[PDB]
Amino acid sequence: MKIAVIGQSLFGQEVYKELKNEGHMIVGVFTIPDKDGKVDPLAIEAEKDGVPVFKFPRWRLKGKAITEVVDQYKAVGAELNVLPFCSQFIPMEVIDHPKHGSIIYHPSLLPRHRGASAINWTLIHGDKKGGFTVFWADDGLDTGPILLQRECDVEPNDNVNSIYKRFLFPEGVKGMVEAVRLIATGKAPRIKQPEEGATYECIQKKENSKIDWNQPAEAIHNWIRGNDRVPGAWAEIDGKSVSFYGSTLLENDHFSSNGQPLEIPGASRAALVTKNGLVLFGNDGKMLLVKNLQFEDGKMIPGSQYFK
């Protein structure tokens, strides 16, 4: 069938590639404009195939959909919109335009974790189970009826990147492909989302990923891994804004074997720089270990080397 792909990043590219190699006509790709001279991977792949690439900076403006944008989209004649990882909220005149409407990839077990930072919050809350959902877009935020859903285990030391690469990405690509296949054969369902279990969380940017030190070690661990690597949980250390990556809960050891005292404003007590990384304390006195630190200037250094 004729598909419009509205998304970005490598996930958008992979969904694009699998759909076209299943024989669907990609009549248009609608991704983000290039910034810093870099073309989005989805735009790159599509232009090689002679598929029309669009790079709208915005779809809606002052409450309403932009007219020029909507008519450019409508011209490609999509029978279905596929939104692999669309970072932009889409006007209903676009969503409802195709024969089959629009389906959306979302990396949480809806109704839980509605919102664009669902993966982050899956970890921040320390969910034991995560996964993704392919749903039919409606006017609400991640509220549309479910087409399919897939579940995975959350590992105690999973960060965003690791659960994304192990499961959410590869199985998500196959889920998007299977969903389109169900639509084509005309047997895809519309499972209305249950009210019970529905949650919303804010979008995770750098400013609101600042660390609250006044929590148990486990909650700090979940927070840090839940923002690793983007946007990157951070805290003030000696006047500078320092980002934390690669957290693991740590019961061992005393002390663990000495190490160097590092004062952190707001921390329940002083941290310890050790040979294996930065040991941090929660308010319950328990410990976590952070492998990597990053200052505002982007260079990553091992926590063991803070003083060196």
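Heads up: residue numbers just count along the shown sequence, starting at 1.
Going by the average Cα B-factor in the PDB entry, point out whether 222 to 230 or 96 to 104 comes out higher. Averaging CA B-factors over each stretch, the winner is 96 to 104.
Average Cα temperature factor in the PDB entry - higher stretch of 294 to 302, 19 to 27: Result of the comparison: 294 to 302.
From the list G259, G282, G246, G266, select the residue with the highest C-alpha B factor recorded in the entry. In the PDB entry, the greatest C-alpha B-factor among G259, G282, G246, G266 is found at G259.
For the C-alpha B-factor as written in the entry, point me to the maximum among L278, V242, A65, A46. By C-alpha B-factor in the record, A65 ranks first.
Based on the entry's values, in what third of the chain does the Cα temperature factor of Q204 lie: lowest, middle or highest? Tercile = middle for this residue's CA B-factor.
Within this chain, which third does the Cα B-factor at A271 fall in: lowest, middle or highest? Its C-alpha B-factor belongs to the lowest third of this chain's values.
For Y164, does the deposited CA B-factor place it in the lowest, middle or highest third of the chain? It belongs to the lowest third of the chain when residues are ordered by C-alpha B-factor.
Third assignment of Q215 from its chain's C-alpha B-factors: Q215: CA B-factor falls in the middle third of its chain.
Considering every modelled residue of the chain and its Cα B-factor in the PDB entry, is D153 in the lowest, middle or highest third? Answer is middle: the recorded C-alpha B-factor places it there.
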